Amino acid sequence: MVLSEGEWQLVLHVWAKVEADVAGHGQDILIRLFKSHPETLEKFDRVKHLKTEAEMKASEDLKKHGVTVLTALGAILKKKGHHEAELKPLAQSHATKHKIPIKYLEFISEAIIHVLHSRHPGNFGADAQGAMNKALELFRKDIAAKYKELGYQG
Ligand code: HEM
């Protein structure tokens with residue numbers, strides 16, 4: 001798939017808002033993922049023992065993780081589709097060290113879209129959400145192809 005420049009502009013315009021508070025958005029997204037799909041919390045060995053949302057909000061380790069996820073995703077989105085180099089190390093560690101099925105990447109995509117919709121309603125109307133969904137679908141498709149080359153396809 002290929003996004004048009006106008007679709008990339010819609011994605012990078014909300015993303016510029018997210019970047020005003022990377023840690024806050026990282027927390028919101030990972031908490032929305034873990035509450036919605038608790039099975040995903042089990043993959044994180046540093047924070048899989050957290051039992052409530054209040055504990056999640058207070059966890060410094062979860063907040064650092066969130067910043068790591070969003071910073072790596074933001075670098076991929078700014079490439080506007082030319083992300084081959086960035087995707088290699090990410091696909092290798094998530095397929096052979098962490099073992100993250102593609103399904104879980106769908107779940108976090110859903111959490112990203114939920115949080116942007118709640119926090120940025122004016123910059124995340126239907127056309128901007130469709131463009132972000134296309135950008136995350138592109139990311140998932142390219143990672144799934146790399147998973148396959150690596151021998152995992154999860
Ligand atoms: C937007 C998608 C994602 C991005 C951009 C992302 C990026 C990262 C980055 C940059 C790291 C640290 C470097 C590395 O290990 O590769 C990381 C670590 C990790 N990721 Fe992801 N990730 C994504 C989705 C996920 C999902 C959906 C899960 C699990 C349900 C996951 C589980 C992990 C785990 C278990 C680690 C190691 C955490 C620790 O240090 O103990 N990742 N991820």
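Within 10 Å of each candidate Cβ there may be at most 15 other Cβ atoms; applying that plus a DSSP loop requirement, which trypsin sites (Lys or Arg not before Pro) in segment 34-65 survive? Present the calculation step by step, with values, prior to reporting the outcome.
Details: sites: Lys35, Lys43, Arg46, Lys48, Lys51, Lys57, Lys63, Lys64; in loops: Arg46, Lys48, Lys51.
Loop-located and lightly packed - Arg46, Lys48, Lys51.
With each run of n ≥ 4 DSSP H residues scored as -39500 (n - 2.57), what mean residue ellipticity at 222 nm is computed for the chain after dividing by its residue count and rounding to the nearest 500 deg cm²/dmol?
Rounded to the nearest 500, it is -23500 deg cm²/dmol.
Of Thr71, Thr40, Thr96, which has the largest mean-square fluctuation in a 10 Å C-alpha GNM of the chain?
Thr96
To the nearest Å, what is the center-to-center distance of segment 12-64 and segment 106-154, using C-alpha atoms only?
Cα centroid of segment 12-64 versus Cα centroid of segment 106-154: 16 Å apart.
So for the chain, averaging the separation of alpha carbon pairs under 8 Å that are six or more residues apart and normalising by length, what relative contact order in percent results? Can you show the working numbers first?
Working: 136 pairs, mean separation 55.0, N = 154.
Answer for the chain is 36 percent.
Per 10 Å bin, what percent of the C-alpha pairs of segment 100-154 does each bin hold, from zero upward?
So the P(r) values, bin by bin, are 24, 45, 22, 9, 0.
How long are the semi-axes of the equivalent ellipsoid of the chain, defined as square roots of 5 times the Cα gyration tensor eigenvalues? Whole Å, largest first.
Rounded to whole Å, the semi-axes are 23, 21, 12.
Apply the Karplus parameterisation 6.51 cos²θ - 1.76 cosθ + 1.60, with θ equal to phi minus 60°, to every residue of segment 81-88 and state each ³J(HN,Hα) to the nearest whole Hz, in sequence, with x for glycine and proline.
x, 8, 10, 2, 5, 5, 6, 4
If you plug each phi of segment 38-55 into the Karplus form 6.51 cos²θ - 1.76 cosθ + 1.60 with θ = phi - 60°, what whole-Hz ³J(HN,Hα) values come out, in order, with x for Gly and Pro?
x, 4, 5, 4, 5, 6, 8, 5, 7, 10, 6, 8, 4, 9, 10, 5, 5, 5
Heads up, the Cβs are rebuilt from the backbone with ideal geometry, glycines too, and the neighbour counts pull from every protein chain shown. FYI, it's all coordinate maths here, none of it is from the lab.
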